[PDB]
Structures are given as C-alpha cells and as structure tokens.
$ cat upload_5.cif   # mmCIF, C-alpha atoms
data_coords
loop_
_atom_site.group_PDB
_atom_site.id
_atom_site.type_symbol
_atom_site.label_atom_id
_atom_site.label_comp_id
_atom_site.auth_asym_id
_atom_site.auth_seq_id
_atom_site.Cartn_x
_atom_site.Cartn_y
_atom_site.Cartn_z
ATOM 1 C CA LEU A 183 0.000 0.000 0.000
ATOM 2 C CA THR A 184 1.544 3.277 -1.155
ATOM 3 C CA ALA A 185 0.435 6.789 -0.276
ATOM 4 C CA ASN A 186 1.142 10.131 -1.934
ATOM 5 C CA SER A 187 4.311 12.178 -1.437
ATOM 6 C CA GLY A 188 5.200 14.137 1.669
ATOM 7 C CA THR A 189 5.245 13.612 5.427
ATOM 8 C CA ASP A 190 1.639 14.710 5.911
ATOM 9 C CA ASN A 191 0.543 11.515 4.150
ATOM 10 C CA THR A 192 1.945 8.855 6.464
ATOM 11 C CA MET A 193 -0.710 6.258 7.184
ATOM 12 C CA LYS A 194 -2.309 4.817 10.314
ATOM 13 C CA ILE A 195 -4.364 1.792 9.309
ATOM 14 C CA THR A 196 -6.890 -0.239 11.278
ATOM 15 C CA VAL A 197 -9.331 -3.045 10.477
ATOM 16 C CA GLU A 198 -12.642 -3.098 12.340
ATOM 17 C CA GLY A 199 -15.045 -6.026 12.247
ATOM 18 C CA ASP A 200 -12.322 -8.578 11.481
ATOM 19 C CA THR A 201 -9.410 -9.914 13.516
ATOM 20 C CA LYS A 202 -7.274 -12.036 11.194
ATOM 21 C CA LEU A 203 -7.240 -9.225 8.648
ATOM 22 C CA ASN A 204 -6.400 -6.757 11.414
ATOM 23 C CA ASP A 205 -3.500 -9.030 12.298
ATOM 24 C CA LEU A 206 -2.512 -8.595 8.648
ATOM 25 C CA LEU A 207 -3.332 -4.892 7.996
ATOM 26 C CA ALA A 208 -2.480 -2.708 10.990
ATOM 27 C CA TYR A 209 0.163 0.006 11.181
ATOM 28 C CA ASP A 210 0.722 3.100 13.308
ATOM 29 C CA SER A 211 3.171 5.658 11.949
ATOM 30 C CA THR A 212 3.177 7.924 15.006
ATOM 31 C CA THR A 213 4.849 5.140 17.008
ATOM 32 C CA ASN A 214 6.356 3.322 13.972
ATOM 33 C CA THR A 215 4.934 -0.038 15.059
ATOM 34 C CA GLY A 216 2.475 -2.324 13.330
ATOM 35 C CA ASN A 217 1.922 -5.582 11.499
ATOM 36 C CA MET A 218 3.284 -4.200 8.205
ATOM 37 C CA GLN A 219 6.859 -3.376 7.343
ATOM 38 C CA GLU A 220 7.884 -0.064 5.784
ATOM 39 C CA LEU A 221 9.734 -0.307 2.481
ATOM 40 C CA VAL A 222 9.969 3.440 1.737
ATOM 41 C CA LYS A 223 10.121 6.446 4.058
ATOM 42 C CA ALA A 224 8.209 9.680 3.542
ATOM 43 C CA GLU A 225 10.077 12.899 2.800
ATOM 44 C CA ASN A 226 9.521 16.501 1.772
ATOM 45 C CA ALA A 227 11.151 18.408 -1.064
ATOM 46 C CA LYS A 228 13.812 20.882 0.039
ATOM 47 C CA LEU A 229 15.239 23.403 -2.386
ATOM 48 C CA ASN A 230 16.903 26.808 -2.477
ATOM 49 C CA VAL A 231 15.791 29.563 -4.864
ATOM 50 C CA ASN A 232 17.988 32.688 -4.986
ATOM 51 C CA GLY A 233 19.058 32.173 -1.397
ATOM 52 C CA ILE A 234 15.564 31.487 0.005
ATOM 53 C CA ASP A 235 15.067 28.013 1.465
ATOM 54 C CA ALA B 75 5.082 4.586 -17.561
ATOM 55 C CA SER B 76 8.314 6.487 -18.093
ATOM 56 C CA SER B 77 11.874 5.753 -16.997
ATOM 57 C CA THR B 78 14.790 8.086 -16.326
ATOM 58 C CA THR B 79 17.377 5.675 -17.763
ATOM 59 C CA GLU B 80 17.883 4.092 -21.171
ATOM 60 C CA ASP B 81 19.360 0.881 -19.745
ATOM 61 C CA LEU B 82 15.921 0.098 -18.327
ATOM 62 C CA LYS B 83 12.861 -0.135 -20.558
ATOM 63 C CA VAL B 84 9.370 0.004 -19.098
ATOM 64 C CA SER B 85 5.967 -0.902 -20.524
ATOM 65 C CA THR B 86 2.601 -1.035 -18.805
ATOM 66 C CA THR B 87 -0.258 -3.499 -19.140
ATOM 67 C CA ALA B 88 -3.832 -2.949 -17.958
ATOM 68 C CA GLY B 89 -4.306 -2.657 -14.212
ATOM 69 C CA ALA B 90 -1.201 -0.904 -12.896
ATOM 70 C CA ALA B 91 -1.148 1.575 -10.020
ATOM 71 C CA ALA B 92 0.226 5.097 -10.204
ATOM 72 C CA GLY B 93 3.413 5.886 -8.348
ATOM 73 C CA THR B 94 7.195 6.058 -8.393
ATOM 74 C CA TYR B 95 9.424 2.979 -8.180
ATOM 75 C CA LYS B 96 13.169 2.959 -7.477
ATOM 76 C CA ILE B 97 14.714 0.025 -9.333
ATOM 77 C CA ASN B 98 18.222 -1.247 -8.628
ATOM 78 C CA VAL B 99 19.493 -3.998 -10.930
ATOM 79 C CA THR B 100 22.182 -6.209 -9.410
ATOM 80 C CA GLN B 101 22.641 -9.059 -11.898
ATOM 81 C CA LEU B 102 21.576 -10.039 -15.401
ATOM 82 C CA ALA B 103 20.309 -13.372 -16.670
ATOM 83 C CA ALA B 104 22.655 -15.460 -18.793
ATOM 84 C CA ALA B 105 22.367 -18.696 -20.740
ATOM 85 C CA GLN B 106 24.490 -21.819 -20.765
ATOM 86 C CA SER B 107 26.621 -22.377 -23.864
ATOM 87 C CA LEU B 108 28.370 -25.678 -24.513
ATOM 88 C CA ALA B 109 31.144 -26.007 -27.077
ATOM 89 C CA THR B 110 32.688 -29.183 -28.433
ATOM 90 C CA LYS B 111 36.347 -29.480 -27.506
ATOM 91 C CA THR B 112 37.453 -31.211 -30.719
ATOM 92 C CA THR B 113 37.441 -28.678 -33.539
ATOM 93 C CA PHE B 114 36.748 -30.285 -36.908
ATOM 94 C CA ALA B 115 37.852 -29.714 -40.483
ATOM 95 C CA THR B 116 34.617 -29.203 -42.429
ATOM 96 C CA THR B 117 30.924 -28.691 -41.780
ATOM 97 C CA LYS B 118 30.163 -31.776 -43.900
ATOM 98 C CA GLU B 119 32.693 -34.335 -42.635
ATOM 99 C CA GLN B 120 30.837 -37.048 -40.742
ATOM 100 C CA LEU B 121 30.925 -36.861 -36.937
ATOM 101 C CA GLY B 122 29.137 -40.015 -35.773
ATOM 102 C CA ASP B 123 29.804 -43.533 -36.967
ATOM 103 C CA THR B 124 28.448 -44.703 -40.314
ATOM 104 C CA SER B 125 27.576 -48.196 -39.061
ATOM 105 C CA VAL B 126 24.331 -47.027 -37.418
ATOM 106 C CA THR B 127 21.357 -45.806 -39.439
ATOM 107 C CA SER B 128 19.454 -43.920 -36.716
#
$ encode --input "upload_5.cif" --output "structure tokens"
Amino acid sequence: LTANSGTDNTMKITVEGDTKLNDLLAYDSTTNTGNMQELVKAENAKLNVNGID
Amino acid sequence: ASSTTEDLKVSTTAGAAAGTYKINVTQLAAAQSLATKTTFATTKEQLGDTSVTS
C-alpha cells in the first residue's frame, strides 16, 4: 500500500469487524509499530531559490 | 510509464497503479553455452559412426 508524497501523508491503518485481517493490515506511523513493514520512508522536497530556502 | 534511464525499458499493461518505483538492478540473466572441444575440419565431414542408421 503506497500513499502520496510528503510527510503529511503517512498512514495509520486499522481493520474493524475482522481480527485475522487486522492481524494482517495494521500500522501506526506515530509510534512506527504495526503488522506491516515499511519499504519506503516519507520525505519533503527541500530546495533553495535565490538564497531562500 | 516512463523511466529516467535508457538501460531500463518500461511498458505497462492494464491494471497498474500510479506511483514512483526505485529500481536497482544487481545481476543479469545469462544462458548456458556448450562447445565441443574437438574442432573439426569441415561442416560436412561425418561426426558419428556410419555403421548405425538412426
């Protein structure tokens, strides 16, 4: 599962009504713990235009 | 789909998902080639025995 770009798009997933699936699909990005590993890490674009960051 | 390199070619079938993928290629497939040790004289000189018919 991939989200859009940026660090305001990190995901916190939960499955309600099912338990096996919740054991499969459950992540929390505030604490960086869940049932799903993280292949890519979110980032923001940083640039410098005429000395303004 | 579009790629930033020319060593990697990319095509898309029906059903993909939008996004950006970061490919690293580590190794390339090869194929086994076997060569006879005993080089011959002509491409019409007989190699197997002429006693057998099949």
$ atom_distance --input "upload_5.cif" --atom1 "CA of residue 203 (chain A)" --atom2 "CA of residue 215 (chain A)"
16.5 Å
$ closest_atom_pairs --input "upload_5.cif" --of "chain A" --to "chain B" --cutoff "10 Å" --atoms "all atoms listed in the file" --output "JSON lines"
{"residue": "A:184", "atom": "CA", "partner": "B:93", "partner_atom": "CA", "distance": 7.9}
{"residue": "A:185", "atom": "CA", "partner": "B:93", "partner_atom": "CA", "distance": 8.7}
{"residue": "A:186", "atom": "CA", "partner": "B:93", "partner_atom": "CA", "distance": 8.0}
{"residue": "A:187", "atom": "CA", "partner": "B:93", "partner_atom": "CA", "distance": 9.4}
{"residue": "A:222", "atom": "CA", "partner": "B:96", "partner_atom": "CA", "distance": 9.8}
$ resolve_selection --input "upload_5.cif" --expression "the PyMOL selection byres ((chain A and resi 216) around 10)" --output "list in words"
residues 194, 195, 196, 205, 206, 207, 208, 209, 210, 211, 213, 214, 215, 217, 218, 219 and 220 of chain A
$ write_last_selection --input "upload_5.cif" --atoms "C-alpha atoms" --output "compact mmCIF listing (two decimals), in the frame of the given file"
# COMPACT_ATOMS: atom_id res chain seq x y z
CA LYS A 194 -2.31 4.82 10.31
CA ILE A 195 -4.36 1.79 9.31
CA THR A 196 -6.89 -0.24 11.28
CA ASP A 205 -3.50 -9.03 12.30
CA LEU A 206 -2.51 -8.60 8.65
CA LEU A 207 -3.33 -4.89 8.00
CA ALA A 208 -2.48 -2.71 10.99
CA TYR A 209 0.16 0.01 11.18
CA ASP A 210 0.72 3.10 13.31
CA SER A 211 3.17 5.66 11.95
CA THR A 213 4.85 5.14 17.01
CA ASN A 214 6.36 3.32 13.97
CA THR A 215 4.93 -0.04 15.06
CA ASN A 217 1.92 -5.58 11.50
CA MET A 218 3.28 -4.20 8.20
CA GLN A 219 6.86 -3.38 7.34
CA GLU A 220 7.88 -0.06 5.78
$ atom_distance --input "upload_5.cif" --atom1 "CA of residue 75 (chain B)" --atom2 "CA of residue 189 (chain A)"
24.7 Å
$ atom_distance --input "upload_5.cif" --atom1 "CA of residue 102 (chain B)" --atom2 "CA of residue 86 (chain B)"
21.3 Å
$ axis_aligned_box --input "upload_5.cif" --around "region 102-120 of chain B" --padding-each-side "6 Å" --output "AutoDock Vina command-line options"
--center_x 29.1 --center_y -23.5 --center_z -29.7 --size_x 29.5 --size_y 39.0 --size_z 40.5
